[PDB]
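S.K.: can't give you the sequence, but here's the structure:
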């Protein structure tokens, strides 16, 4: 049923976001200077992608397992996710992330103020610079998704969820640390709501939007017909 998908996406995002920040957080907690002075990212990129690949099987069976308003937005233009479906879907995806961080708050305290659960730009990375990164990051992800819903040389065989998550994993490998790999307004927002915002918030929300649109532009018009 229609409504079932909404809750499906909702819970899906909830557990997904939890795992994502859970890993990154996980390495940094036991008594400061021992292993995680600055964590070993490959684990983090992995979890971030692997997660998507798994629930994409479980929940993505019905809802679609978008877990990303931007991806849904890109899909809106091409995949035609219905004028009304998109709106509700984004609502469920957005709110779910919030419960995720909320539930994770009940852990420990060390530094309240700077980059804790949320992503931001470090040192010599001007906002514009940060913008292009996310633009491309999402552009990649959307490209893979639209790609999965069509014939392809020796067709994918069957590991569709794995392929997409791997695409997320790659998109992650490039900007996981660069921009905290936003490419998903839900992930950036969820963290933003609990700490509760910062002016730099626009970047991580505008990039995926513009990037996804640019992505379809390439496939739809030049790489589709």
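M.R.: Received, thanks. Residues are numbered from 1 along each chain as shown.
S.K.: the helices in the chain, which residues?
M.R.: Taking DSSP state H as the criterion, the chain contains helices spanning 2-28, 42-58, 69-77, 83-104, 127-148, 160-175, 185-195, 203-218.
S.K.: burial count for residue 85?
M.R.: Here the number of neighbours of residue 85 (other C-beta atoms under 10 Å) works out to 17. C-beta: built from backbone N, CA, C; applies to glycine.
S.K.: Skipping its backbone neighbours, what lies nearest it in space?
M.R.: Here the nearest residue to residue 85 in space, its sequence neighbours aside, is residue 2; by C-beta to C-beta, 6 or more residues apart in numbering that works out to 7.8 Å.
S.K.: Also residue 186?
M.R.: Using C-beta to C-beta, 6+ apart and skipping the chain neighbours, the partner closest in space to residue 186 is residue 97 (4.3 Å).
S.K.: isn't the one you found right next to residue 15, touching?
M.R.: No: with the criterion set as C-beta atoms under 8 Å, residue 97 and residue 15 do not qualify as a contacting pair; they are 10.7 Å apart.
S.K.: neighbour count winner among these two?
M.R.: A direct count of neighbours by other C-beta under 10 Å for residue 97 and residue 15 places residue 97 higher, at 30 against 20.
S.K.: how far away is residue 137 from residue 154?
M.R.: Going from residue 137 to residue 154 by C-beta to C-beta, to the nearest Å gives 28 Å.
S.K.: Comparing the two, which shows the higher neighbour count?
M.R.: More crowded of residue 137 and residue 154, by other C-beta under 10 Å: residue 137, with 27 against 5.
S.K.: who's in contact with that one?
M.R.: Taking C-beta atoms under 8 Å, 6 or more residues apart in numbering, we find residue 137 in contact with 171, 174, 175, 179, 181, 182, 183, 207, 208, 211.
S.K.: if we take those, which one ends up nearest to residue 21?
M.R.: Taking C-beta to C-beta as the measure, residue 21 sits nearest to residue 181 out of the contacts of residue 137, at 12.3 Å.
S.K.: Can you get me a residue count around the closest one?
M.R.: For residue 181, using other C-beta under 10 Å, the count is 28.
S.K.: Residue 86 now?
M.R.: With other C-beta under 10 Å as criterion, residue 86 counts 18.
S.K.: swap in the one 3 residues further on?
M.R.: When neighbours are defined as other C-beta under 10 Å, residue 89 has 25 of them.
S.K.: That one reaches residue 8, doesn't it?
M.R.: No: Residue 89 is not in contact with residue 8 according to C-beta under 8 Å; the separation is 9.9 Å.
S.K.: could the helices of the chain go into a markdown table alongside distance to residue 111?
M.R.: What follows is the helices of the chain, written out as a markdown table (distance: least, C-beta to C-beta, whole Å):
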| stretch | distance to residue 111 |
| --- | --- |
| helix 2-28 | 10 |
| helix 42-58 | 19 |
| helix 69-77 | 29 |
| helix 83-104 | 16 |
| helix 127-148 | 22 |
| helix 160-175 | 24 |
| helix 185-195 | 11 |
| helix 203-218 | 21 |
